[PDB]
Amino acid sequence: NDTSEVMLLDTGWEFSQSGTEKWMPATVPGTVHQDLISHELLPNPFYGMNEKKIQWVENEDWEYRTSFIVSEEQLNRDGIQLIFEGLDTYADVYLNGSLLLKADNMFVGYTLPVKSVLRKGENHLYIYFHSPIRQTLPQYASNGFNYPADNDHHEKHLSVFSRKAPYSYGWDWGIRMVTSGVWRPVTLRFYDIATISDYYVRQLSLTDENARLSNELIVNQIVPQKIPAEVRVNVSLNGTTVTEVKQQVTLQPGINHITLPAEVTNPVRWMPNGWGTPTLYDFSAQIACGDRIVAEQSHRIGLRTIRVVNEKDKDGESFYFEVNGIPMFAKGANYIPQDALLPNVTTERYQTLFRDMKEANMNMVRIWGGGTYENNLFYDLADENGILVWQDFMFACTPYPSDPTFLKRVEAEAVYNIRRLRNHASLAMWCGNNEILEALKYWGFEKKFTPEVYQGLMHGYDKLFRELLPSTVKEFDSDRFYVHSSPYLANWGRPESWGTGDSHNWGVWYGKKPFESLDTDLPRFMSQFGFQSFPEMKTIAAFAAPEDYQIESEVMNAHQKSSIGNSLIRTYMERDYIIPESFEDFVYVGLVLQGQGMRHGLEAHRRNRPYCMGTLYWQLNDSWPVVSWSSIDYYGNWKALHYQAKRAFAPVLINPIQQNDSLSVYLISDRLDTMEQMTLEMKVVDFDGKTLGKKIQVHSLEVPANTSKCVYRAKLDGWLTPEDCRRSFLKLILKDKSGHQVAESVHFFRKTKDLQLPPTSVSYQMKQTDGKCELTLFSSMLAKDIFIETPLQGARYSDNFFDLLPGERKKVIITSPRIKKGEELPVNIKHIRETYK
Ligand SMILES: O=[N+]([O-])c1ccc(O[C@@H]2O[C@H](CO)[C@@H](O)[C@H](O)[C@@H]2F)c([N+](=O)[O-])c1
Ligand SMILES: [Br-]
Ligand SMILES: [Br-]
Ligand SMILES: [Br-]
Ligand SMILES: [Br-]
Ligand SMILES: [Br-]
Ligand SMILES: [Br-]
Ligand SMILES: [Cl-]
Ligand SMILES: [Cl-]
Ligand SMILES: [Cl-]
């Protein structure tokens with residue numbers, strides 16, 4: 001690495017409610033809430049009705065302090081920097097009597113020269129965190145109107161004034177925990193001569209024959225002299241040097257601008273998940289002065305082109321991603337913060353989340369603008385998992401101020417996070433905000449303000465999202481796409497805009513439209529659509545006592561932030577299922593419903609390629625125990641929707657789709673290679689296992705790369721009787737020439753509430769060892785949408801929420817480090833027919 005010494009200021013911290021003079025131990029990085037929780041000074045914020053009880057914290061100011069030693073030799077180093085990667089939010093930072101910083105942007109990292117304020121021996125760091133409420137009450141009082149941020153759960157919508165995670169003020173799947181604190185690491189660096197303040201590896205061009213890079217460095221020298229040095233870039237792959245370049249320089253005190261070209265011939269491209277390996281080079285830049293490496297910095301670098309094509313075309317305006325020259329149908333989801341308390345999210349939780357996306361066959365995630373610019377670990381994981389990232393700037397669902405001061409603050413976050421993130425292979429585009437132009441045009445805001453205020457809001461929209469933010473992107477990340485908003489034009493209520501750019505089709509849910517509307521109401525790229533579900537009972541039990549197990553109990557409503565959500569789920573459930581009586585049965589069928597309905601959408605979007613070029617459902621994940629649109633609950637349990645997403649995103653999908661009493665079958669592929677001389681084979685099977693008719697075979701089919709194509713159509717009438725349809729399913733398999741199976745599907749001709757489901761019994765044998773449970777499942781009769789339920793949080797299943805077919809044995813593997821030999825894991829197996837008598 002280099003001759004610098006880094007000291008982690010991560011222990012010895014204490015905190016205090018300002019005004020009390022009482023100091024208690026603190027954890028940094030961390031938050032006021034966690035620190036309080038860890039001394040039992042707050043109840044569990046996620047439990048029961050506790051949300052109301054923790055609100056008092058946002059009205060107090062909080063102080064934090066620590067002390068640390070600096071030695072004589074440490075004090076003699078040339079430079080000493082103090083780095084705050086995150087302060088949330090209005091924080092005055094004091095060191096040995098000196099005010100170093102009045103911080104006012106959660107999303108900005110601060111690097112402070114501190115050599116002249118440091119002392120031999122003991123040093124004292126104090127940080128005063130003004131309440132971001134108290135701090136903004138006068139600002140709001142001067143404003144003369146309330147911004148219409150309904151997700152800000154307070155009479156006064158103060159979120160919009162602070163550069164601070166929007167969701168912390170509340171959201172419609174969120175708890176309001178307006179927290180403060182040192183939310184990312186604090187480090188102190190003791191170094192010689194200079195630091196590298198920025199290292200940008202800029203791809204000038206990429207062909208199969210050659211990668212042309214420009215290594216741009218900003219080096220800040222802290223000593224007065226003219227310093228001869230040698231700048232060195234080593235490019236290596238898997239530990240072996242690929243190319244090495246050098247440059248003699250003489251460094252001047254202060255800032256220096258150095259550029260070295262580097263070329264990799266016959267580069268190995270980074271490819272996204274499902275297209276091959278996410279290959280990552282190592283680039284290390286070094287500043288050498290004689291024998292010492294005084295500063296080194298490295299990046300992992302993926303060589304690839306990404307181009308968002310947004311052009312007028314026959315169908316409206318396209319919106320798709322072209323990766324290393326090939327149009328890539330995008331498959332993934334909208335990501336929210338994983339916790340009400342950000343520093344509580346662990347390295348392992350990040351790691352598991354990327355595993356969840358990778359195993360569901362996703363190749364994209366959108367970091368939605370109500371959360372944060374994610375940490376370095378998140379983008380590193382997207383890099384090495386081949387997951388493309390759409391990064392919103394942090395504006396959502398409301399217009400925002402656009403005064404000169406507010407814009408300067410935004411500019412500093414825009415530049416800070418662009419430079420932090422621009423070397424990530426995963427980083428695919430920037431989006432100015434979520435839904436704000438939609439809000440301004442369609443959400444009935446004009447009726448809420450005077451014409452003068454509203455016009456000032458429209459002009460204010462332009463200065464931020466059409467001027468400041470695109471300008472910053474153009475300046476600091478000139479090869480990446482920027483768009484002002486998502487969706488940029490299309491509105492789900494306006495059929496004529498559907499062919500223009502991306503869509504948030506909230507016609508399902510908000511517009512109450514049936515899932516089948518997804519087959520007809522098509523976008524050029526679905527950047528959001530979603531449906532709510534209650535999480536499973538083990539997650540319900542984490543916030544509710546069994547006495548509260550009612551849809552409309554007070555504790556249950558405390559965990560449903562959509563006021564129409566419960567009835568809407570019931571309205572949709574009646575359309576496809578028999579609504580059961582017990583709460584447990586409802587929750588289970590609520591899971592099946594969300595998974596089945598959303599998957600039909602994902603299918604439609606893939607099937608309808610190239611007119612549609614992507615689908616990102618709302619939402620991946622949860623920040624706490626709550627009813628939401630997620631596919632994975634707060635504890636990391638996959639909902640049915642996550643398994644269904646995996647299936648619907650499989651690189652090769654057989655997609656039977658039934659409309660107007662007729663069945664077509666499409667074969668859908670995101671493989672880069674064409675498959676030839678394939679056979680689709682299908683057979684109707686009743687609920688006892690008995691074939692009806694013989695095998696239908698379709699031979700000599702080609703499945704071309706990156707396409708969706710009809711290969712079969714047949715009417716239902718004369719093909720099968722109305723009664724058959726209620727008592728049988730269609731099995732589909734796709735095999736190569738030799739007869740090797742590459743894909744499988746099952747089709748039902750009727751809605752589940754109309755199937756004549758047999759009362760049946762699912763038996764299983766279990767072999768349990770340390771960390772693993774291996775079940776073999778049996779039912780002589782079809783068992784519909786089965787849910788293998790265990791009480792163990794975060795338990796992972798090879799599969800779940802699948803139909804168990806008559807007489808067909810099924811092996812399911814469950815893993816968890818909590819599983820121990822000689823300790824029967826409890827299993828409860830539910831299926832549709834059991835939910836009614
Ligand atoms: O028509 N609407 O009132 C509507 C539609 C969508 C919407 O937000 C999207 O949907 C999700 C579910 O409502 C939100 O949680 C998230 O903000 C996302 F951007 C929001 N919203 O969060 O204000 C409102
Ligand atoms: Br210094
Ligand atoms: Br500095
Ligand atoms: Br971090
Ligand atoms: Br007004
Ligand atoms: Br723009
Ligand atoms: Br039909
Ligand atoms: Cl509240
Ligand atoms: Cl986020
Ligand atoms: Cl819109």
# chains A, B, ... in the order shown; residues from 1 in each chain; ligands from 1
>>> residues_near_ligand(ligand="ligand 4", cutoff="12 Å", atoms="only C-alpha atoms and all ligand atoms", output="ChimeraX atom specification")
/A:28-30,84-87,107,109,182-187,342-347,350,372-380,420
>>> write_last_selection(atoms="N, CA, C and O atoms", output="compact mmCIF listing (two decimals), in the first residue's frame")
# COMPACT_ATOMS: atom_id res chain seq x y z
N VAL A 28 -19.85 4.04 17.23
CA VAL A 28 -19.60 4.81 16.01
C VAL A 28 -18.83 3.94 15.02
O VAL A 28 -17.83 3.34 15.38
N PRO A 29 -19.27 3.89 13.75
CA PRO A 29 -20.47 4.51 13.20
C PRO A 29 -21.72 4.03 13.90
O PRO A 29 -21.79 2.88 14.32
N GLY A 30 -22.69 4.92 14.06
CA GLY A 30 -23.95 4.51 14.68
C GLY A 30 -24.93 5.67 14.68
O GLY A 30 -24.67 6.67 14.01
N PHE A 84 -14.44 12.44 7.70
CA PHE A 84 -15.77 11.98 8.09
C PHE A 84 -16.46 11.50 6.78
O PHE A 84 -16.76 12.30 5.93
N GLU A 85 -16.74 10.22 6.68
CA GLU A 85 -17.39 9.68 5.50
C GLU A 85 -18.88 9.99 5.52
O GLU A 85 -19.55 9.91 4.48
N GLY A 86 -19.39 10.38 6.69
CA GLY A 86 -20.87 10.69 6.83
C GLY A 86 -21.19 11.29 8.18
O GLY A 86 -20.85 10.69 9.23
N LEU A 87 -21.85 12.46 8.16
CA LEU A 87 -22.45 13.06 9.33
C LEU A 87 -23.92 13.38 9.07
O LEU A 87 -24.24 14.09 8.14
N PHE A 107 -25.05 13.33 2.83
CA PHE A 107 -24.55 12.58 1.70
C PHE A 107 -23.13 12.99 1.26
O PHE A 107 -22.67 12.57 0.19
N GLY A 109 -18.96 13.35 2.12
CA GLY A 109 -17.80 12.99 2.96
C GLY A 109 -16.86 14.17 3.18
O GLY A 109 -16.66 14.93 2.23
N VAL A 182 -22.88 9.89 13.70
CA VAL A 182 -21.72 9.73 12.82
C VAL A 182 -22.03 8.44 12.04
O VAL A 182 -21.75 7.36 12.52
N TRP A 183 -22.65 8.55 10.89
CA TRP A 183 -23.22 7.38 10.31
C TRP A 183 -22.31 6.55 9.40
O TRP A 183 -22.71 5.47 8.97
N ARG A 184 -21.10 7.06 9.11
CA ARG A 184 -20.06 6.32 8.39
C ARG A 184 -18.75 6.60 9.12
O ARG A 184 -18.74 7.51 9.96
N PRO A 185 -17.67 5.85 8.81
CA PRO A 185 -16.44 5.92 9.58
C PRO A 185 -15.71 7.25 9.54
O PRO A 185 -15.83 8.05 8.57
N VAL A 186 -14.96 7.44 10.63
CA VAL A 186 -14.17 8.59 10.92
C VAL A 186 -12.75 8.04 10.93
O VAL A 186 -12.45 7.11 11.65
N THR A 187 -11.86 8.62 10.14
CA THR A 187 -10.51 8.13 10.15
C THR A 187 -9.54 9.29 10.24
O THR A 187 -9.83 10.40 9.84
N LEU A 342 -29.25 3.06 9.40
CA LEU A 342 -28.29 2.66 8.34
C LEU A 342 -27.05 1.94 8.83
O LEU A 342 -26.63 0.93 8.20
N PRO A 343 -26.43 2.44 9.94
CA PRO A 343 -25.16 1.79 10.33
C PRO A 343 -25.41 0.44 10.93
O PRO A 343 -24.44 -0.27 11.19
N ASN A 344 -26.67 0.08 11.17
CA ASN A 344 -26.97 -1.26 11.65
C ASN A 344 -26.86 -2.33 10.53
O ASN A 344 -26.80 -3.55 10.83
N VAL A 345 -26.79 -1.91 9.26
CA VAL A 345 -26.75 -2.90 8.20
C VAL A 345 -25.33 -3.47 8.11
O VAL A 345 -24.36 -2.74 7.96
N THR A 346 -25.19 -4.79 8.17
CA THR A 346 -23.86 -5.39 8.33
C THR A 346 -23.27 -5.73 6.96
O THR A 346 -24.02 -5.79 5.96
N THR A 347 -21.94 -5.98 6.92
CA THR A 347 -21.29 -6.50 5.75
C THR A 347 -22.00 -7.74 5.26
O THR A 347 -22.34 -7.82 4.10
N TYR A 350 -25.42 -6.97 3.52
CA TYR A 350 -25.13 -6.50 2.14
C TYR A 350 -24.83 -7.66 1.20
O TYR A 350 -25.49 -7.80 0.18
N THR A 372 -30.43 6.54 0.37
CA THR A 372 -29.10 7.18 0.36
C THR A 372 -28.34 6.80 -0.89
O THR A 372 -28.68 5.79 -1.53
N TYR A 373 -27.31 7.58 -1.22
CA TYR A 373 -26.24 7.09 -2.09
C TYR A 373 -25.52 5.97 -1.36
O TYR A 373 -24.91 6.21 -0.33
N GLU A 374 -25.61 4.75 -1.88
CA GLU A 374 -25.18 3.59 -1.06
C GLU A 374 -23.70 3.55 -0.79
O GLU A 374 -22.90 4.22 -1.47
N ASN A 375 -23.31 2.77 0.20
CA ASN A 375 -21.89 2.71 0.53
C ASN A 375 -20.98 2.05 -0.52
O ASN A 375 -21.46 1.40 -1.48
N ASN A 376 -19.67 2.22 -0.34
CA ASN A 376 -18.71 1.61 -1.26
C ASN A 376 -18.89 0.10 -1.39
O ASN A 376 -18.75 -0.40 -2.50
N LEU A 377 -19.21 -0.60 -0.28
CA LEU A 377 -19.45 -2.03 -0.32
C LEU A 377 -20.59 -2.46 -1.29
O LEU A 377 -20.42 -3.40 -2.04
N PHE A 378 -21.70 -1.73 -1.31
CA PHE A 378 -22.82 -2.03 -2.17
C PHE A 378 -22.45 -2.09 -3.68
O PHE A 378 -22.86 -3.02 -4.37
N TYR A 379 -21.73 -1.06 -4.14
CA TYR A 379 -21.23 -0.95 -5.51
C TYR A 379 -20.11 -1.94 -5.79
O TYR A 379 -20.01 -2.48 -6.88
N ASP A 380 -19.27 -2.22 -4.80
CA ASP A 380 -18.28 -3.27 -5.00
C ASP A 380 -18.96 -4.61 -5.25
O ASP A 380 -18.52 -5.36 -6.13
N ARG A 420 -16.96 9.67 -5.96
CA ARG A 420 -16.90 8.42 -5.14
C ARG A 420 -17.24 7.17 -5.99
O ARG A 420 -16.65 6.08 -5.80
>>> residues_near_ligand(ligand="ligand 8", cutoff="6 Å", atoms="only C-alpha atoms and all ligand atoms", output="ChimeraX atom specification")
/A:52,153,176
>>> residues_near_ligand(ligand="ligand 10", cutoff="7 Å", atoms="only C-alpha atoms and all ligand atoms", output="short mmCIF file (atom, residue, chain, number, x, y, z; two decimals) with C-alpha atoms, in the first residue's frame")
data_model
loop_
_atom_site.label_atom_id
_atom_site.label_comp_id
_atom_site.auth_asym_id
_atom_site.auth_seq_id
_atom_site.Cartn_x
_atom_site.Cartn_y
_atom_site.Cartn_z
CA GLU A 435 -41.62 10.80 -9.83
CA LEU A 437 -42.30 15.75 -12.68
CA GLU A 438 -45.13 13.21 -12.39
CA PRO A 487 -40.68 8.18 -15.27
CA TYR A 488 -39.54 10.99 -17.53
CA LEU A 489 -42.79 11.49 -19.44
CA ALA A 490 -45.12 8.48 -19.38
CA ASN A 491 -47.94 8.39 -16.89
#
>>> select_by_dssp(residues="stretch 500-612 of chain A", states="strand (DSSP E or B)", output="VMD selection string")
chain A and resid 500 503 to 504 526 to 528 530 533
>>> write_last_selection(atoms="N, CA, C and O atoms", output="PDB file, in the first residue's frame")
ATOM      1  N   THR A 500     -43.464   6.307 -24.706  1.00  0.00           N
ATOM      2  CA  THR A 500     -42.452   7.354 -24.570  1.00  0.00           C
ATOM      3  C   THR A 500     -41.575   7.157 -23.315  1.00  0.00           C
ATOM      4  O   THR A 500     -41.967   7.536 -22.202  1.00  0.00           O
ATOM      5  N   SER A 503     -41.794   3.794 -17.727  1.00  0.00           N
ATOM      6  CA  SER A 503     -43.090   3.869 -17.032  1.00  0.00           C
ATOM      7  C   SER A 503     -43.070   3.318 -15.615  1.00  0.00           C
ATOM      8  O   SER A 503     -42.412   2.293 -15.354  1.00  0.00           O
ATOM      9  N   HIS A 504     -43.782   4.001 -14.715  1.00  0.00           N
ATOM     10  CA  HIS A 504     -44.142   3.448 -13.412  1.00  0.00           C
ATOM     11  C   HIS A 504     -45.604   3.089 -13.570  1.00  0.00           C
ATOM     12  O   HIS A 504     -46.462   3.970 -13.426  1.00  0.00           O
ATOM     13  N   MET A 526     -40.329  -0.936 -18.011  1.00  0.00           N
ATOM     14  CA  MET A 526     -41.023  -0.799 -16.755  1.00  0.00           C
ATOM     15  C   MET A 526     -40.071  -0.525 -15.550  1.00  0.00           C
ATOM     16  O   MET A 526     -39.492  -1.465 -14.981  1.00  0.00           O
ATOM     17  N   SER A 527     -39.943   0.748 -15.165  1.00  0.00           N
ATOM     18  CA  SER A 527     -39.003   1.143 -14.121  1.00  0.00           C
ATOM     19  C   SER A 527     -39.603   1.022 -12.737  1.00  0.00           C
ATOM     20  O   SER A 527     -38.868   0.975 -11.706  1.00  0.00           O
ATOM     21  N   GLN A 528     -40.925   0.954 -12.682  1.00  0.00           N
ATOM     22  CA  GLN A 528     -41.603   0.463 -11.475  1.00  0.00           C
ATOM     23  C   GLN A 528     -42.969  -0.138 -11.783  1.00  0.00           C
ATOM     24  O   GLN A 528     -43.770   0.390 -12.611  1.00  0.00           O
ATOM     25  N   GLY A 530     -45.662  -2.733  -8.916  1.00  0.00           N
ATOM     26  CA  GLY A 530     -45.613  -3.502  -7.694  1.00  0.00           C
ATOM     27  C   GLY A 530     -46.968  -3.877  -7.123  1.00  0.00           C
ATOM     28  O   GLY A 530     -48.028  -3.402  -7.589  1.00  0.00           O
ATOM     29  N   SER A 533     -47.729  -7.209  -0.021  1.00  0.00           N
ATOM     30  CA  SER A 533     -48.099  -8.411   0.726  1.00  0.00           C
ATOM     31  C   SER A 533     -47.661  -8.292   2.169  1.00  0.00           C
ATOM     32  O   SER A 533     -46.601  -7.711   2.432  1.00  0.00           O
TER      33      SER A 533
END
>>> residues_near_ligand(ligand="ligand 3", cutoff="12 Å", atoms="only C-alpha atoms and all ligand atoms", output="PDB file with C-alpha atoms, in the first residue's frame")
ATOM      1  CA  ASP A  78       4.069  16.036   7.060  1.00  0.00           C
ATOM      2  CA  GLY A  79       0.228  16.008   6.966  1.00  0.00           C
ATOM      3  CA  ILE A  80      -2.590  14.731   9.120  1.00  0.00           C
ATOM      4  CA  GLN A  81      -6.156  14.549   7.767  1.00  0.00           C
ATOM      5  CA  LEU A  82      -9.402  13.901   9.564  1.00  0.00           C
ATOM      6  CA  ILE A  83     -12.031  12.221   7.356  1.00  0.00           C
ATOM      7  CA  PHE A  84     -15.766  11.982   8.087  1.00  0.00           C
ATOM      8  CA  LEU A 100     -13.458  22.442  12.013  1.00  0.00           C
ATOM      9  CA  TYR A 110     -15.447  15.534   4.630  1.00  0.00           C
ATOM     10  CA  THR A 111     -11.612  15.597   4.524  1.00  0.00           C
ATOM     11  CA  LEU A 112     -10.140  18.066   7.037  1.00  0.00           C
ATOM     12  CA  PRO A 113      -6.466  19.075   7.434  1.00  0.00           C
ATOM     13  CA  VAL A 114      -5.804  18.938  11.160  1.00  0.00           C
ATOM     14  CA  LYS A 115      -2.043  18.836  11.794  1.00  0.00           C
ATOM     15  CA  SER A 116      -1.919  22.432  13.265  1.00  0.00           C
ATOM     16  CA  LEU A 188      -7.337   9.956  10.848  1.00  0.00           C
ATOM     17  CA  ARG A 189      -4.498   9.649   8.343  1.00  0.00           C
ATOM     18  CA  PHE A 190      -0.842  10.516   9.065  1.00  0.00           C
ATOM     19  CA  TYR A 191       1.184  10.781   5.870  1.00  0.00           C
ATOM     20  CA  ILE A 193       4.487  14.534   1.198  1.00  0.00           C
ATOM     21  CA  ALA A 194       1.044  14.167  -0.478  1.00  0.00           C
ATOM     22  CA  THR A 195      -2.248  12.221  -0.642  1.00  0.00           C
ATOM     23  CA  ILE A 196      -4.195  11.125  -3.686  1.00  0.00           C
ATOM     24  CA  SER A 197      -7.508  13.119  -3.214  1.00  0.00           C
ATOM     25  CA  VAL A 219      -2.654  14.799  -5.817  1.00  0.00           C
ATOM     26  CA  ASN A 220      -2.573  17.235  -2.914  1.00  0.00           C
ATOM     27  CA  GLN A 221       0.908  18.015  -1.625  1.00  0.00           C
ATOM     28  CA  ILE A 222       1.201  19.267   1.885  1.00  0.00           C
ATOM     29  CA  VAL A 223       4.937  20.269   2.080  1.00  0.00           C
ATOM     30  CA  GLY A 254      -1.183  22.123  -3.063  1.00  0.00           C
ATOM     31  CA  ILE A 255      -3.113  20.548  -5.904  1.00  0.00           C
TER      32      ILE A 255
END
>>> closest_residue(among="A:415, A:258, A:95, A:793", to="residue A:117", atoms="only C-alpha atoms")
A:95
>>> residues_around(residues="residue A:591", least_positions_apart="3", cutoff="12 Å", atoms="only C-alpha atoms", output="PyMOL selection string")
chain A and resi 531-537+569+573+577+584-588+594-598+627-633+637-644+785-787+800-802+830-832
>>> closest_residue(among="A:27, A:338, A:485, A:351", to="ligand 6", atoms="only C-alpha atoms and all ligand atoms")
A:485
>>> residues_near_ligand(ligand="ligand 5", cutoff="8 Å", atoms="only C-alpha atoms and all ligand atoms", output="PyMOL selection string")
chain A and resi 144-146+448-454
>>> residues_near_ligand(ligand="ligand 1", cutoff="8 Å", atoms="only C-alpha atoms and all ligand atoms", output="list in words")
residues 149, 150, 151, 171, 172, 173, 368, 370, 396, 397, 398, 434, 435, 443, 504, 506, 510, 528, 529, 530, 562, 618, 619, 628 and 629 of chain A
>>> residues_near_ligand(ligand="ligand 6", cutoff="12 Å", atoms="only C-alpha atoms and all ligand atoms", output="ChimeraX atom specification")
/A:430-433,437,461-474,481-486,488
>>> residues_around(residues="residue A:756", least_positions_apart="6", cutoff="10 Å", atoms="only C-alpha atoms", output="PDB file with N, CA, C and O atoms, in the first residue's frame")
ATOM      1  N   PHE A 687     -55.520 -33.822 -11.741  1.00  0.00           N
ATOM      2  CA  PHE A 687     -55.030 -33.602 -10.375  1.00  0.00           C
ATOM      3  C   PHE A 687     -54.584 -34.877  -9.612  1.00  0.00           C
ATOM      4  O   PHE A 687     -53.954 -34.783  -8.538  1.00  0.00           O
ATOM      5  N   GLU A 723     -64.902 -28.255 -18.095  1.00  0.00           N
ATOM      6  CA  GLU A 723     -64.728 -29.069 -16.889  1.00  0.00           C
ATOM      7  C   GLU A 723     -63.282 -29.553 -16.763  1.00  0.00           C
ATOM      8  O   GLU A 723     -62.729 -29.535 -15.663  1.00  0.00           O
ATOM      9  N   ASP A 724     -62.665 -29.951 -17.877  1.00  0.00           N
ATOM     10  CA  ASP A 724     -61.251 -30.359 -17.878  1.00  0.00           C
ATOM     11  C   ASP A 724     -60.360 -29.276 -17.254  1.00  0.00           C
ATOM     12  O   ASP A 724     -59.567 -29.538 -16.351  1.00  0.00           O
ATOM     13  N   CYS A 725     -60.538 -28.067 -17.778  1.00  0.00           N
ATOM     14  CA  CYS A 725     -59.893 -26.821 -17.363  1.00  0.00           C
ATOM     15  C   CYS A 725     -59.873 -26.564 -15.855  1.00  0.00           C
ATOM     16  O   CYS A 725     -58.909 -25.979 -15.341  1.00  0.00           O
ATOM     17  N   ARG A 726     -60.921 -27.001 -15.163  1.00  0.00           N
ATOM     18  CA  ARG A 726     -60.974 -26.917 -13.707  1.00  0.00           C
ATOM     19  C   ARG A 726     -60.299 -28.075 -12.930  1.00  0.00           C
ATOM     20  O   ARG A 726     -60.197 -28.004 -11.699  1.00  0.00           O
ATOM     21  N   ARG A 727     -59.806 -29.101 -13.642  1.00  0.00           N
ATOM     22  CA  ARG A 727     -59.378 -30.377 -13.026  1.00  0.00           C
ATOM     23  C   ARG A 727     -57.998 -30.849 -13.507  1.00  0.00           C
ATOM     24  O   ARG A 727     -57.555 -31.942 -13.127  1.00  0.00           O
ATOM     25  N   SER A 728     -57.340 -30.044 -14.354  1.00  0.00           N
ATOM     26  CA  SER A 728     -56.051 -30.402 -14.957  1.00  0.00           C
ATOM     27  C   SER A 728     -55.093 -29.220 -15.179  1.00  0.00           C
ATOM     28  O   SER A 728     -55.496 -28.053 -15.142  1.00  0.00           O
ATOM     29  N   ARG A 750     -57.452 -22.254 -15.523  1.00  0.00           N
ATOM     30  CA  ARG A 750     -58.406 -21.500 -14.709  1.00  0.00           C
ATOM     31  C   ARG A 750     -57.725 -20.806 -13.522  1.00  0.00           C
ATOM     32  O   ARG A 750     -56.677 -21.262 -13.063  1.00  0.00           O
ATOM     33  N   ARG A 833     -55.697 -25.678  -1.104  1.00  0.00           N
ATOM     34  CA  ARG A 833     -56.936 -26.409  -0.732  1.00  0.00           C
ATOM     35  C   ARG A 833     -57.196 -26.470   0.758  1.00  0.00           C
ATOM     36  O   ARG A 833     -58.357 -26.471   1.172  1.00  0.00           O
TER      37      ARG A 833
END
>>> residues_around(residues="stretch 710-716 of chain A", least_positions_apart="4", cutoff="6 Å", atoms="only C-alpha atoms", output="NGL selection string")
:A and (661-666 or 720)
>>> residues_around(residues="stretch 761-765 of chain A", least_positions_apart="5", cutoff="10 Å", atoms="only C-alpha atoms", output="ChimeraX atom specification")
/A:774-783,786,804,809-812,827-831,834
>>> closest_residue(among="A:717, A:702, A:411, A:61", to="ligand 7", atoms="only C-alpha atoms and all ligand atoms")
A:717
>>> residues_around(residues="residue A:60", least_positions_apart="2", cutoff="12 Å", atoms="only C-alpha atoms", output="number ranges by chain")
A: 16-20, 32-33, 54-58, 62-63, 128-135, 178-180
>>> write_last_selection(atoms="C-alpha atoms", output="JSON list (two decimals), in the first residue's frame")
[["chain", "number", "residue", "atom", "x", "y", "z"],
["A", 16, "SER", "CA", -25.36, 12.85, 25.56],
["A", 17, "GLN", "CA", -28.77, 14.40, 25.28],
["A", 18, "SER", "CA", -27.79, 18.06, 25.08],
["A", 19, "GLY", "CA", -28.62, 19.98, 28.23],
["A", 20, "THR", "CA", -28.29, 16.91, 30.52],
["A", 32, "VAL", "CA", -28.70, 8.30, 18.43],
["A", 33, "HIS", "CA", -31.53, 5.72, 18.36],
["A", 54, "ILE", "CA", -39.66, 7.08, 19.97],
["A", 55, "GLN", "CA", -40.70, 10.30, 18.26],
["A", 56, "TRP", "CA", -39.41, 12.44, 21.17],
["A", 57, "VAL", "CA", -35.78, 11.84, 20.09],
["A", 58, "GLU", "CA", -36.07, 14.05, 16.95],
["A", 62, "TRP", "CA", -27.35, 15.20, 20.75],
["A", 63, "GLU", "CA", -23.73, 15.44, 21.48],
["A", 128, "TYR", "CA", -22.86, 18.71, 18.41],
["A", 129, "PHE", "CA", -25.79, 17.41, 16.33],
["A", 130, "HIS", "CA", -28.61, 20.00, 16.01],
["A", 131, "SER", "CA", -32.02, 18.39, 15.67],
["A", 132, "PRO", "CA", -32.84, 18.56, 12.00],
["A", 133, "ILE", "CA", -36.39, 19.39, 13.09],
["A", 134, "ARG", "CA", -35.46, 22.33, 15.44],
["A", 135, "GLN", "CA", -32.90, 23.43, 12.90],
["A", 178, "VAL", "CA", -35.45, 11.03, 12.18],
["A", 179, "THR", "CA", -32.09, 10.03, 13.56],
["A", 180, "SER", "CA", -28.68, 11.71, 13.83]]
>>> closest_residue(among="A:125, A:224, A:241, A:15", to="ligand 2", atoms="only C-alpha atoms and all ligand atoms")
A:224
>>> select_by_dssp(residues="stretch 382-514 of chain A", states="alpha helix (DSSP H)", output="MDAnalysis selection string")
chainID A and resid 382:385 404:421 436:442 451:463 469:476
>>> closest_residue(among="A:232, A:246, A:366, A:304", to="ligand 9", atoms="only C-alpha atoms and all ligand atoms")
A:366
>>> atom_distance(atom1="atom CA of residue A:651", atom2="atom CA of residue A:669")
5.6 Å
>>> decode(residues="stretch 254-265 of chain A", atoms="C-alpha atoms", output="short mmCIF file (atom, residue, chain, number, x, y, z; two decimals), in the first residue's frame")
data_model
loop_
_atom_site.label_atom_id
_atom_site.label_comp_id
_atom_site.auth_asym_id
_atom_site.auth_seq_id
_atom_site.Cartn_x
_atom_site.Cartn_y
_atom_site.Cartn_z
CA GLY A 254 -1.18 22.12 -3.06
CA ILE A 255 -3.11 20.55 -5.90
CA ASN A 256 -1.44 18.74 -8.87
CA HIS A 257 -3.11 17.28 -11.97
CA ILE A 258 -1.57 14.13 -13.38
CA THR A 259 -2.79 12.01 -16.28
CA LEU A 260 -1.12 8.75 -17.46
CA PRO A 261 -2.56 6.78 -20.39
CA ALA A 262 -2.69 2.97 -20.17
CA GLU A 263 -3.76 0.38 -22.74
CA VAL A 264 -4.84 -3.25 -22.37
CA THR A 265 -4.77 -5.12 -25.66
#
